[PDB]
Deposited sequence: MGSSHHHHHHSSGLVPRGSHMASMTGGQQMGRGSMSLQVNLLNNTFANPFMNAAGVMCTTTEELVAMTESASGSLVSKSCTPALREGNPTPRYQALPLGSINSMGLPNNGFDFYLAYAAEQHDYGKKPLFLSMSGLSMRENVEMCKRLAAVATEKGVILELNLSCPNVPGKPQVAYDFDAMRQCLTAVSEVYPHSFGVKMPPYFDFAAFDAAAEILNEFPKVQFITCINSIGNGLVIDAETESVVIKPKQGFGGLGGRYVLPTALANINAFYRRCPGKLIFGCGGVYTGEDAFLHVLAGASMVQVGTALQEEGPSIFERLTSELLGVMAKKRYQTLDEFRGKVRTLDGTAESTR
């Protein structure tokens, strides 16, 4: 039987649902080019601030048997750099491009969005706004109101994980007020875990006394929960999954929970962009064994008891 990983959304066609997670292998020109050349369906640029940032002292990332911990500190080449990539360099013939934005204040987001507008219009780059801010529902509302007010396009929002239905309801209520928010990416890292190495009797990253965001196998059930929670509560919007994807089977779970696109962080950091060839092959293999032809056939169809 004929089978396809194609995704159609945001006025774009994607060969497959896979892309990098913001922050992973998408900071430099070489990384952005490598992502574009890869088998991924899309890519997103490193979350940017108005000016270049060095980020936190090293070590600031550690791979772990069950995932990763990091406190990168937003090291990035600055907004001008990513805007120029989107405007002059990216080959839109190959795949669509998302640009991740993480201003350190409302003002910074407003000023960057005003400049992004023209490039989105002319080239088709799509904004993923990083709110992970989102544990303060008032700050989240203010951020979104400001961006919505000045940015004349649809966009998406990258969310931190929530852990109770009251939070899911409060966040969904806010997101649903903004028609321009067309996708929601669930999730950013599980915040402020602490990895201790028994051998060294020490933490494993330098910033913040060793506290850092968790990714990888640790976060998969939390990611699936958030994907599904917002899938249910925001029926007018698309959900992008992010968290714990190492295999085609993991990706299948994201889609079953409601994901349209599937982002890959920790596993990509460890394996490099060749991972996308493996993931597409594996996801097709999973669909073959389960007798599915397209993603629409099972997206959001997780069975409850």
query	finding
Deposited positions without coordinates, collected into consecutive stretches in sequence order	1-32, 165-173, 347-354
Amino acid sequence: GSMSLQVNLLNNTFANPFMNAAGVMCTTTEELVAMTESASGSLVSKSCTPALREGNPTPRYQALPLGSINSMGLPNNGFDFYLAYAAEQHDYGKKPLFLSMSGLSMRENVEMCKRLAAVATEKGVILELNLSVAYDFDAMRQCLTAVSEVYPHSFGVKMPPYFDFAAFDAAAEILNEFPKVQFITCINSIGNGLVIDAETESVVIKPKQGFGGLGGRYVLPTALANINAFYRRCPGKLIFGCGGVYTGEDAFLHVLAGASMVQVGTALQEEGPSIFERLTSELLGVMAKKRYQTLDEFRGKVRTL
From here on, numbers count along this sequence of modelled residues.
query: Greater mean Cα temperature factor according to the PDB record, 184-192 or 82-90; finding: 82-90
query: 224-232 versus 123-131 - which carries the larger mean C-alpha B factor in the record; finding: 123-131
query: Highest recorded Cα temperature factor - choice among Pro57, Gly241, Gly265, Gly67; finding: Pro57
query: Residue of maximum C-alpha B factor among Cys143, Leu214, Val157, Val204, per deposited coordinates; finding: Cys143
query: Record-listed C-alpha B factor of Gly210: chain third; finding: lowest
query: Chain-wide C-alpha B factor ranking for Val219, given as lowest, middle or highest third; finding: lowest
query: Among modelled residues of the same chain, the CA temperature factor third for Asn20; finding: lowest
query: Third assignment of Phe98 from its chain's C-alpha B-factors; finding: lowest
query: Chain-wide C-alpha B factor ranking for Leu52, given as lowest, middle or highest third; finding: highest
